[PDB]
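Visitor: here's a sequence, model it:
(one chain, ligands or ions: 1)
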Amino acid sequence: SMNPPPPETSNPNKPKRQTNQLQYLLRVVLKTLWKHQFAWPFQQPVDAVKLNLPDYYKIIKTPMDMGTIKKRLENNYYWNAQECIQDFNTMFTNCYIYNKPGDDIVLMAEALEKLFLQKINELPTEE
Ligand SMILES: COc1ccc(S(C)(=O)=O)cc1-c1cn(C)c(=O)c2ccc(-c3cn(CCF)nn3)cc12
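Guide: Numbers count the residues shown, from 1 in each chain. Provided below are the atomic coordinates:
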């Protein structure tokens, strides 16, 4: 059984910015979700080997997790806030695609997603 390589968090030829919106995504959005009691299953790539989920990466072809997002934010990997927002939405959608409705992990994603939506509702206007 094998895991794929993780999503990239560094690419020197990808143009990058540090914007106030991206700072908010790190200081408010990521930090709020990361400290949550339900954050742990989403703090690193899904380890399909250790979890005995050989079909995970057969179904999920765009993996994403908050460990990757955290590294991307700390490395100033993004050009804009929408790119980072898309990563969070990919992570939530993957969870809903792979898992059964009402599974514990789905309730955990839903709780993080509720907070995510509350925080991005107040994404600051770009300076
Ligand atoms: C509590 O969930 C986790 C804990 C630790 C890590 S880990 C080693 O990567 O740090 C990952 C997860 C995890 C995350 N996500 C996003 C998922 O969709 C997901 C889906 C299924 C399972 C799972 C299924 N079964 C057997 C029943 F079929 N056992 N586990 C795990 C996950």
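Visitor: residues from the chain in reach of the ligand?
Guide: By the rule CB under 6 Å from any ligand atom, the part of the chain lying against the ligand is 41, 42, 44, 46, 47, 50, 51, 53, 95, 98, 99, 105. Yep, even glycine has a C-beta here, placed from its N, CA and C like the rest.
Visitor: any idea how far the closest residue to the second one other than its chain neighbours is from residue 58?
Guide: Looking back up the chat, that one is residue 42. In space, and not counting its chain neighbours, residue 42 is closest to residue 66: 4.9 Å by CB to CB, 6 or more residues apart in numbering. Counting by CB to CB, to the nearest Å, the separation of residue 66 from residue 58 is 23 Å.
Visitor: the more surrounded of these two?
Guide: Set residue 66 next to residue 58 and count neighbours by other CB atoms under 10 Å: residue 66 wins out with 22 against 10.
Visitor: quick one: the strands in the protein?
Guide: Applying DSSP state E to the chain gives no strands.
Visitor: among the residues of the chain next to the ligand, which lie within helices?
Guide: 95, 98, 105 (DSSP state H).
Visitor: ok, residue 79 - contacts?
Guide: 14, 15, 16, 17 (CB atoms under 8 Å, 6 or more residues apart in numbering).
Visitor: how far away is residue 125 from residue 24?
Guide: The value you get for residue 125 to residue 24, if CB to CB is used, is 11 Å.
Visitor: ok, back up a step: among the contacts of residue 79, who's most crowded?
Guide: When neighbours are counted by other CB under 10 Å, residue 16 leads these with 13 neighbours.
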